[PDB]
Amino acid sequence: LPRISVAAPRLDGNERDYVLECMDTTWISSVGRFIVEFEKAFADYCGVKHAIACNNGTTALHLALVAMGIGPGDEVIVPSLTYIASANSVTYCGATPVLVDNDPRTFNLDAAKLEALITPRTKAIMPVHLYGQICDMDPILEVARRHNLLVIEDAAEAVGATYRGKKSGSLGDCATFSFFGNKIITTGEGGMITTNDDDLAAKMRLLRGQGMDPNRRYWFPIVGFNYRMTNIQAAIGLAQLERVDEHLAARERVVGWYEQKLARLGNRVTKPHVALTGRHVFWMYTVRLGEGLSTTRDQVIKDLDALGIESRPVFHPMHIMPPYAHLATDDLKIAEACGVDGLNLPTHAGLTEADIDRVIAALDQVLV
């Protein structure tokens, strides 16, 4: 009865060897060939001109927002249903998160609720691509265009997804990714900013390397950060990136298994809706439990654990947690409902059909 983990990394390419070179060469810091190579390759992978390697997906967002000039006073629209760093990133800038409702099916920012939230202080919108699925960008871009707003994609959970022929990371003014341990591709901890804007790219690199002038060593023209990725993180990321497609394929296999087995559950869960706008990379396989259940989402998590199956609740809405309770509105209903009923199911490259079978059997038993 081996436990089943919601996530896990699969280092099945050149990771070990590339890490070895770093070690052998003594290039373990924030300078080395893999950083540039990883940035170049990631940039190509997304179809953009620039890729900026960061220490994590959280600092990437911060660094991206600061480079964009988000600061005190400014409002950034962010979905209440998201991972907390989306909101915190805005907060670190001294700026103000303005929460917006999501779609009840895709879990993503509802473009129809944006216009109403725009004010004289709005500067940007941060669509977050939940669970490997790109928000409906066209409408979002169109609203930003109309209001002269920046669009920053939090693409943390979406490496590889596409929207109407474009890869995540290539849609807003800039985008951020995470390579945290459980991500589609990992570096253990690591992040990336993508953009086509030369000027934003330069300011990002300037702020990443402590605010030091790249053309005047030891001289610091602005206040910056230490947000650099190491050559080792870059080594692991490059090797992961080389097998991105294989990694992508493995999740699709796992997802195909859930999808072929779901009737066993009936109307007891609603399977994740796939918008027909491009590839959904399924960082996580997310269901919405039946309101009709006597049991609670939280109990269900406890019961699956008891059956050695790991699962987690969908992100608690920002506005229901202490840091952002004050940002609550009466127009965050869908987010609340998903926060109530949402359940992330184990989705990782190493899960087997038998494991998926176990997961379904347990849900069948616990969904009461």
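Numbering starts at 1 and follows the sequence shown.
Relative to its counterpart among 8-16 and 351-359, 8-16 has the higher mean temperature factor, C-alpha atoms as listed in the PDB entry. Averaged over Cα atoms, the B-factor as recorded in the entry is higher for 275-283 than for the other of 275-283 and 203-211. Residue-level inspection of the entry shows that, of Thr106, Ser80, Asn182, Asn88, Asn182 has the top Cα B-factor. Taking the PDB entry at face value, the top CA B factor among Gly308, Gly339, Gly69, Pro322 belongs to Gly308. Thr194 sits in the highest third of its chain by CA B factor, as recorded in the PDB entry.
Ranked by Cα temperature factor within the chain, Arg216 sits in the highest third according to the deposited record. Among all modelled residues in its chain, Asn102 ranks in the middle third by Cα B-factor. Sort the modelled residues of the chain by CA B factor and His129 lands in the middle third.
In the deposited entry, the Cα temperature factor of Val255 sits in the middle third of values across the chain's modelled residues.
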